[PDB]
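I have placed the structure first, in the form of structure tokens, so that the comments after it can refer back to it.
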Amino acid sequence: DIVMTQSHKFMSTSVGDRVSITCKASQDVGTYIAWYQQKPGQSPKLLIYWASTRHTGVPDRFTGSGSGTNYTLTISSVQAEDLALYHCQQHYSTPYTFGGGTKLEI
Amino acid sequence: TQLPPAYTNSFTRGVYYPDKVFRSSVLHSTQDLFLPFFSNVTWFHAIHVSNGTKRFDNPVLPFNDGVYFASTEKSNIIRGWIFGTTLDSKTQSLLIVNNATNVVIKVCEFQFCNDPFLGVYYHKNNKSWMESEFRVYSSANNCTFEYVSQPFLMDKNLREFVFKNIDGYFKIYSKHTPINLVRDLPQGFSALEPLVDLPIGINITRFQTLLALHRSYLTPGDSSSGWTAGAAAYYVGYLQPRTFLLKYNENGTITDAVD
Amino acid sequence: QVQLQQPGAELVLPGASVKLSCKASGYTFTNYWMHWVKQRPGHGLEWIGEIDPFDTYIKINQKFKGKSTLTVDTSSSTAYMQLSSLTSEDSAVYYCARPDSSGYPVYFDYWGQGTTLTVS
Amino acid sequence: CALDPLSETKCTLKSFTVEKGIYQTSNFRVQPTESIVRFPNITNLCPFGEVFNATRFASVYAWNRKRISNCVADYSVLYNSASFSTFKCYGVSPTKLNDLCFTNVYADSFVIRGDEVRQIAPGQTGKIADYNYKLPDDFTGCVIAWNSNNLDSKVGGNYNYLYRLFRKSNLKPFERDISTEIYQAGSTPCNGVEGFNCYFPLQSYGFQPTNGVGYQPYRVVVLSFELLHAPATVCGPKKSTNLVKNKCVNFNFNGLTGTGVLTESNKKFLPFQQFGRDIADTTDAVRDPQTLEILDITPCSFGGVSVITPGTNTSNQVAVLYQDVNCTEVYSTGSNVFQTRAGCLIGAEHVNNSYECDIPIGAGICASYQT
Ligand SMILES: *[C@@H]1O[C@H](CO)[C@@H](O)[C@H](O)[C@H]1NC(C)=O
Ligand SMILES: *[C@@H]1O[C@H](CO)[C@@H](O)[C@H](O)[C@H]1NC(C)=O
Ligand SMILES: *[C@@H]1O[C@H](CO)[C@@H](O)[C@H](O)[C@H]1NC(C)=O
Ligand SMILES: *[C@@H]1O[C@H](CO)[C@@H](O)[C@H](O)[C@H]1NC(C)=O
Ligand SMILES: *[C@@H]1O[C@H](CO)[C@@H](O)[C@H](O)[C@H]1NC(C)=O
Ligand SMILES: *[C@@H]1O[C@H](CO)[C@@H](O)[C@H](O)[C@H]1NC(C)=O
Ligand SMILES: *[C@@H]1O[C@H](CO)[C@@H](O)[C@H](O)[C@H]1NC(C)=O
Ligand SMILES: *[C@@H]1O[C@H](CO)[C@@H](O)[C@H](O)[C@H]1NC(C)=O
Ligand SMILES: *[C@@H]1O[C@H](CO)[C@@H](O)[C@H](O)[C@H]1NC(C)=O
Ligand SMILES: *[C@@H]1O[C@H](CO)[C@@H](O)[C@H](O)[C@H]1NC(C)=O
């Protein structure tokens with residue numbers, strides 16, 4: 001089915017810098033995507049269930065923007081707690097597929 | 001011009017199956033609204049055309065508990081009945097209308113016409129009678145029930161009907177039997193099998209018989225020369241609380257009764 | 001406060017079967033479908049399959065057909081998941097994901113604790 | 001008492017020695033193996049195939065009303081479809097919706113974009129939300145949305161559907177604006193100029209294959225469920241199991257709610273008659289609700305259990321008589337079982353020669369202690 005694979009190997013920015021989190025898509029299936037923040041040693045946490053609106057308990061630094069061909073997530077400000085795995089999963093058909101994930105390091 | 005009525009002997013007719021239970025070769029005693037034996041039955045003359053002046057006498061009778069209805073018609077002149085209490089659009093009323101296609105029973109706030117009936121014309125090319133117009137009600141509102149079923153009235157013979165309204169339910173029973181009597185109801189026993197049951201849930205205390213009128217009857221003149229509707233007659237009895245000893249044969253058909 | 005409790009830390013010898021359970025608390029057990037996911041550091045996360053509660057509608061992902069099996073018990077809000085003939089490469093972490101909506105597709109809004117499977 | 005038949009006999013007589021003879025101690029009875037329920041061939045499923053499966057849907061500027069009632073609807077069936085995407089249910093969940101009953105189950109149909117799917121939430125605001133359709137804050141029911149880019153999508157461009165871009169007044173839940181009065185763009189009065197002063201409220205959809213998720217035409221419905229202080233006409237359907245004969249089962253034949261052994265019968269009903277009775281005024285036969293057969297009903301076999309023993313001084317062996325019971329339905333079985341008109345005799349062996357009667361069993365059979 002649709003396969004999720006981010007482009008950038010890892011996220012490498014200092015505190016407060018603006019960085020982008022890519023998530024490529026096999027084909028055009030709309031903005032049917034999600035984002036998970038899976039800390040090393042912790043279960044994934046929801047960040048972006050939809051690009052337009054953000055779910056409960058999320059910082060306002062994270063931005064939602066769906067390109068349509070691939071999914072990119074930009075963070076305005078980065079703190080210590082922002083270092084985790086960024087898993088992206090599409091929800092368009094019955095088979096679901098996750099992204100490769102990226103671990104943020106300074 | 002009102003046509004005077006008459007009287008006739010019911011002679012044990014009008015017995016129906018009180019319920020759905022099957023019973024074989026047993027005598028079961030039940031207390032149900034029944035037509036009393038030998039209780040005399042009103043004999044109405046719906047239309048009497050002789051001069052040829054048209055006589056429109058289809059009076060609206062009161063629905064006192066149940067009603068036993070019978071008629072001896074071979075032209076399918078009778079097409080339905082009216083049921084209700086106020087017979088206007090203020091309250092819903094039960095209607096029955098039948099033509100060549102099927103039987104339609106509508107329970108709406110029908111605003112009744114002065115003298116409802118059914119109009120039919122003769123198709124000269126196809127050599128058959130098919131409907132022209134329906135002249136029953138001014139308008140219908142708050143339609144809740146729309147029942148359709150195969151024509152049971154269509155197609156010398158006697159047709160017996162019973163109407164009962166209990167527990168917000170309407171019940172119709174029927175039986176078809178060839179007979180050789182005209183003025184008086186034939187003697188003999190034949191149980192009335194239930195035809196349909198409906199959850200209408202409206203009060204009914206007043207009824208009238210419907211008719212099918214040929215196109216010649218609707219002429220402006222007071223005399224009709226293309227339609228011979230002299231056979232328009234029917235019998236009406238009234239049901240009462242009675243105890244009956246119904247006899248069931250081995251097949252389960254009611255073959256005798258005792259009042 | 002939704003309690004998604006997973007004991008974890010289960011090890012089964014090769015060629016045998018495994019059974020795992022996931023208790024659900026803090027919400028209504030009736031109004032949510034079940035979706036199973038698998039965690040692997042080798043190539044990221046992946047989806048095991050879905051099962052609807054109090055029924056037997058089976059829909060598993062094309063990657064994990066045959067070996068994977070799902071069963072649902074209404075009592076105690078537990079989910080029953082079984083593999084057969086465990087291999088060495090099946091050393092990973094298993095999860096039970098509560099979905100956002102009752103109908104497919106879902107994005108697995110809330111994730112419980114991780115159950116680690118390892119050949120012993 | 002419950003150790004063995006001899007001890008049950010001792011308990012019944014309240015004596016430690018029982019004299020030769022037959023004593024009634026227990027009472028055999030057969031319990032139903034399973035519950036059987038059947039309902040006839042009638043479904044009257046609500047017209048969901050017409051509302052969902054169609055050629056052209058009503059546009060959003062006049063959101064249509066369906067008024068579905070007096071029928072049973074299996075909502076989990078569509079919940080188990082293969083096309084639907086969005087199933088965000090408000091209030092009553094579909095699994096409990098199948099169990100629960102509502103008087104009327106309204107359905108809607110309008111054409112909205114992917115970004116405006118969230119606007120169908122109760123109290124949500126937006127362009128379509130605040131102009132075309134708005135859901136009340138206290139809504140109970142489900143709204144279903146899914147992607148359909150092959151039925152209602154055009155390569156050149158789908159301009160059939162259109163929305164209310166502008167609206168002077170404030171929309172209320174369950175309200176529509178079918179009139180096409182011209183909008184007043186500015187403070188100047190509007191007199192049908194269609195220019196700066198007057199704008200056209202109904203702006204056309206632009207649907208293209210390359211358009212994003214927020215521009216794609218989706219087929220959405222609002223399953224409005226409301227309570228009107230009326231008898232409930234919409235409820236979940238009920239299943240009928242398979243049929244079993246010559247076995248003790250619990251049957252619910254459209255309300256017969258009895259228990260017994262169903263078997264084939266040669267008796268024939270009248271076409272309108274449903275079930276039968278007898279002199280005792282008990283349910284005797286029931287016709288199959290699904291097909292046209294007659295199933296005679298016989299009650300569960302039961303009868304007294306009589307322990308046939310000689311005196312305890314003579315021996316401690318016993319024989320148990322199951323009165324009015326067939327040995328197919330029956331000391332534990334398998335020890336010289338025997339059938340007679342009295343019932344099943346267990347523990348005693350039939351002998352061809354005839355002696356004088358010792359312990360009267362019934363119907364000419366007499367039991368005795370012998371080599
Ligand atoms: C009943 O009707 C018959 C008609 O045959 C009539 O002779 C008789 O007088 C009637 N009885 C009463 C009490 O009206
Ligand atoms: C009369 O017949 C026509 C067609 O012949 C049918 O459409 C209509 O429903 C009938 N009217 C009734 C049954 O009242
Ligand atoms: C229409 O009929 C229903 C029941 O059939 C009744 O509840 C309702 O009040 C009626 N509407 C009127 C009389 O305006
Ligand atoms: C008849 O009218 C009474 C009110 O006078 C009402 O309670 C009852 O339900 C009605 N019966 C039917 C069958 O409509
Ligand atoms: C009863 O059923 C038998 C069975 O065919 C039939 O021949 C008979 O005419 C029926 N009626 C009576 C009165 O026996
Ligand atoms: C019903 O839906 C199926 C699924 O898309 C479709 O193939 C079929 O043509 C539809 N039937 C209609 C629209 O009559
Ligand atoms: C009732 O439905 C079943 C289901 O297929 C069918 O086989 C049976 O023939 C139906 N009943 C009758 C009387 O046809
Ligand atoms: C047991 O007692 C009975 C009398 O109660 C007697 O007839 C019988 O012979 C006794 N049996 C033996 C084996 O002594
Ligand atoms: C007991 O059941 C069997 C079933 O094989 C039957 O053949 C036999 O006639 C039954 N006995 C009686 C007394 O009905
Ligand atoms: C008893 O008699 C029956 C028939 O009368 C016979 O079949 C059976 O073999 C006999 N058994 C003995 C032990 O005599």
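Residue numbering restarts at 1 in every chain; chains get A, B, ... in the order shown in the structure tokens, and ligands count up from 1 in that same order.
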
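A distance cut-off of 9 Å from ligand 3, applied to only C-alpha atoms and all ligand atoms, picks out the residues residues 89, 90, 91, 92, 107, 108, 109, 141, 142, 143, 144, 145, 200, 201 and 202 of chain B; 230 of chain D.
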
Give me the residues near stretch 44-56 of chain C as a PyMOL selection string, where near means some atom within 10 Å (using only C-alpha atoms) and where sequence neighbours in that chain fewer than 3 positions away do not count. (chain A and resi 5+44+85-89+94-102) or (chain C and resi 29-41+59-65+68-75+77-79+93-97+102-104) or (chain D and resi 80+95)

Counting only C-alpha atoms and all ligand atoms, what residues are within 8 Å of ligand 4, given as a PyMOL selection string? chain B and resi 165-169+200-204

In Å and to one decimal, atom CA of residue D:271 is distant from atom CA of residue D:288 by 12.0 Å

Assign secondary structure with DSSP using the backbone only, and return the residues of stretch 17-113 of chain B in strand (DSSP E) as an MDAnalysis selection string. chainID B and resid 27:34 40:45 60:62 67:71 78:84 93:98 103:108 112:113

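A distance search around ligand 1 (8 Å at most, only C-alpha atoms and all ligand atoms) returns the following protein and nucleic acid residues: residues 6, 7, 8, 9, 39, 40, 41 and 42 of chain B.
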
Restricting it to C-alpha atoms, dump the selection as a PDB file, in the first residue's frame.
```pdb
ATOM      1  CA  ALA B   6     -85.917  -3.548   5.175  1.00  0.00           C
ATOM      2  CA  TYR B   7     -85.073  -6.425   7.523  1.00  0.00           C
ATOM      3  CA  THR B   8     -83.802  -9.976   7.079  1.00  0.00           C
ATOM      4  CA  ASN B   9     -82.874 -13.007   9.164  1.00  0.00           C
ATOM      5  CA  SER B  39     -80.683 -11.365  15.057  1.00  0.00           C
ATOM      6  CA  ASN B  40     -82.356  -9.618  12.154  1.00  0.00           C
ATOM      7  CA  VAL B  41     -80.182  -7.683   9.720  1.00  0.00           C
ATOM      8  CA  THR B  42     -80.877  -4.386   7.984  1.00  0.00           C
TER       9      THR B  42
END
```
